[PDB]
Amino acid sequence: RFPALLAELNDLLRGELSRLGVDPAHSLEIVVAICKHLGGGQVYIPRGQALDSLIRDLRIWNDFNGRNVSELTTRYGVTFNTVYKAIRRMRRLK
């Protein structure tokens, strides 16, 4: 699909680019980096809930510094249990 998927990936990127200001011409520069470091074979991109659960945990575990779980439960409005599960998740993914 890539002639078409990469084409879509490009338009989406230059939209979000100009959206954040950045000149919409650096999109192609970004599509190249994604494909260059991520490419090789095929990957299954999650759709709904699986994706949404991951985005939540990614946001949480990226704010974790090793000792701020209390701060994370307050910033994200979720329970200690939810935060610890996200953490255990960065850890498990190899």
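Sequential numbering from 1, following the sequence displayed.
S.K.: Please compare 28 to 36 with 52 to 60 and name the stretch with the higher mean C-alpha B-factor in the deposited structure.
M.R.: Mean C-alpha B-factor is greater for 28 to 36.
S.K.: On mean C-alpha B-factor from the PDB entry, just flag whether 63 to 71 or 37 to 45 is the higher one.
M.R.: For C-alpha atoms only, the mean B-factor is higher in 37 to 45.
S.K.: Determine, from the deposited record, the chain-internal third of the Cα B-factor for residue 20: lowest, middle or highest.
M.R.: Answer is highest: the recorded C-alpha B-factor places it there.
S.K.: For the chain shown, is the CA B-factor of residue 94 in the lowest, middle or highest third of its modelled residues?
M.R.: Top third by C-alpha B-factor.
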